[PDB]
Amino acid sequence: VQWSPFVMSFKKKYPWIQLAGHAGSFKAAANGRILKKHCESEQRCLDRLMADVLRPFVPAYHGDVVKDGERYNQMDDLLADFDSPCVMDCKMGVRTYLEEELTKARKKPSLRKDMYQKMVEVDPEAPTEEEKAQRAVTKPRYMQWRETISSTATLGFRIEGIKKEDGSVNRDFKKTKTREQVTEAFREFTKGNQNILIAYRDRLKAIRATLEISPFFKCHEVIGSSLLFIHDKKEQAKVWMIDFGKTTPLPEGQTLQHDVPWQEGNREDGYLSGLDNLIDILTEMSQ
């Protein structure tokens, strides 16, 4: 040392931000790490992905752990290098349920009352005539219908939640469906900050380029996963792929396209269709 006789260390704190998920799914950990409640198919995905070209676009995974009588997966906190970050969560795919979940619910189709009540609540004209005469509905047709009230079926993604600069959270995007509404949310999220737009736009392009190469990707049905956008007042802006609770490997030597329409049986998820429109919306906003 010409000038430094010792190193200094002390702790600082920042509030973690949880948009989607339930109370209890997450806990704080040391060294920028986070504990998400353990889920086997998520752990499989995170192991395969640590080794895949997509690695730079997902939080670093560090294995399962046992804390206070429960199992967790340990990963990085993507909030760590940000300061007072804003955050947006977008669920990816033209669909948010696995084919095996539809199959399974198609195997014993018990007529559902509340599912009818919720469906009329959101659109009184949604039910067919027979379904109207029944004041009830199938889990099947409902799972399928739910995807339609927001941008999921038309755009291949939907907004799960937004935490903004004033410190307010929005989570009610159940009827957020059009390009106009989405752009509008993206515009408020971002304060029209052009640098942040372009950054998000370029980050997404990189993710998309890699998804094309990615061995892991071509063989998973990537359902229930999200893009997590994080930006702060310093105009740092990144996007990551998170949430692999419902992403599952195809059988051996088999593959998905991810940009073609889902037909029941083909397991296609529309993930690239989702990502393509996201890329289009930001390009336009970023002009």
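So that there is no doubt, residue numbering starts at 1 and follows the sequence shown.
According to the PDB record, 252-260 carries the higher mean C-alpha B-factor of the two stretches 252-260 and 26-34. Taking the PDB entry as given, 41-49 carries the higher mean Cα B factor of the two stretches 41-49 and 223-231. Out of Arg71, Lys132, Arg187, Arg171, it is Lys132 whose C-alpha atom has the highest B-factor in the PDB entry. Of all the options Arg141, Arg201, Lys163, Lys91, the entry's greatest CA B-factor is assigned to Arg141. Annotation for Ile281: C-alpha temperature factor in the middle third relative to the rest of the modelled chain, per the entry. Sorting the modelled residues of the chain by their CA temperature factor places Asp77 in the lowest third. For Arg267, the recorded CA B-factor ranks within the highest third of the chain. Only modelled residues enter the ranking.
In the deposited entry, the Cα temperature factor of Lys113 sits in the top third of values across the chain's modelled residues.
In the PDB entry, a CA B factor belonging to the middle third of its chain's modelled residues is recorded for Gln2.
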